[PDB]
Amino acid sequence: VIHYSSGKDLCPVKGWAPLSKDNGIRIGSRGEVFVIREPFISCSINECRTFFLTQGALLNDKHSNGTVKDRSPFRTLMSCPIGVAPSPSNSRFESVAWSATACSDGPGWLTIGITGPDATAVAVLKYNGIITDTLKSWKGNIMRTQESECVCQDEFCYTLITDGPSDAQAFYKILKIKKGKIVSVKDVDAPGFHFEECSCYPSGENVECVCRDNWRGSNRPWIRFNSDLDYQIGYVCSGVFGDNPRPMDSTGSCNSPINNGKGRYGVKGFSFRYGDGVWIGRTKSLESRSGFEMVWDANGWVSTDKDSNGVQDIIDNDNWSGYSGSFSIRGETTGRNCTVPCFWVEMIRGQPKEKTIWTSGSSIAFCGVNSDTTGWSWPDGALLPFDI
């Protein structure tokens, strides 16, 4: 009935409590389930939904051959209630796209789907399913975005967009959106920096995003910005590197990418700042997308220690993980005076690791909680290969 207002800080967090798990791939063994990627959650005052990307093909069907390009004309953004299998029967259509972001300003939904050829990609903005605006590739090199929820406060929604090489220097922009309309956008001058698939959240009148450096950083770059779009950037200080691949924990860097031969590629991830502290979610393996854990490093944000203060296990290393992202449940939902931070974890199955003709994901999600919790292993559970 009202919009998400700003000026709120994240809630106190001791440990993470399980919110949802869908077993999408296990169910897909026989049921009708879309081949997914990017199962990211986003909530409005009344609902939480999982958004994802599909090639428009179902599990255990030839059309899941995955010979196809990640960026194809068939890829669309869809959504469904959290916890349920992303089947064609309980999934809503969002937009044609091979890269996107979505979020609620409170009473409605903002979706941004980027589709088209690589040289001239276009983002189609929509407020409640209605095209409200569009942004075209300003650099001509695979324009892309969050693949995680954008953030809204005081009727305004913000996001980050990248265009350029995943090889080196790329170009970035922050957007300010009102009911699907683009009200100003800022160019981000971050020489040396590489921003991709940002996991954002709100923190008192500002918007903080912890992203992915695919150029040469094993540590993650972050950016915080104004409703005017005044910004600040840097990498997460902490030696508890949070990307993948990554070297062993060494002395970190708060303003530059730490390569160490493993800083090259990466994976979408998130982190939650808490003053000088930081919560780092990351894989267990240093080179593969397996296992996942949440690390609380009291200095994370200000220091460069490789020393933390607690680790909660989410998925053990004998199991597969994948994309990770942040989303928040607001005070307008929970009668609270703070924002509840949560995160979803993609659990990739199939190619290139396992021997299948396909590649899909399943998910689990967790939320803040300033009470007791437990670590454990909540893997995908599918038994591959399938009837391949």
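Residue indices: 1-based, along the sequence shown.
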21 to 29 or 375 to 383, whichever carries the higher mean Cα B-factor: 375 to 383
Mean C-alpha temperature factor, higher of 186 to 194 and 138 to 146: 186 to 194
Residue with highest C-alpha B-factor in the PDB entry, from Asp133, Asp276, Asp154, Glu94: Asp276
From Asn128, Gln232, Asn90, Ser218, residue of greatest CA B-factor: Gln232
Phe52 - Cα temperature factor, lowest/middle/highest third of chain: lowest
B-factor third for the C-alpha atom of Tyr265 within its chain: highest
CA B-factor ranking of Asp167, expressed as a third of its chain: highest
B-factor third for the C-alpha atom of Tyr323 within its chain: middle
Where the record places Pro341 (Cα B-factor, split into thirds across the chain): lowest
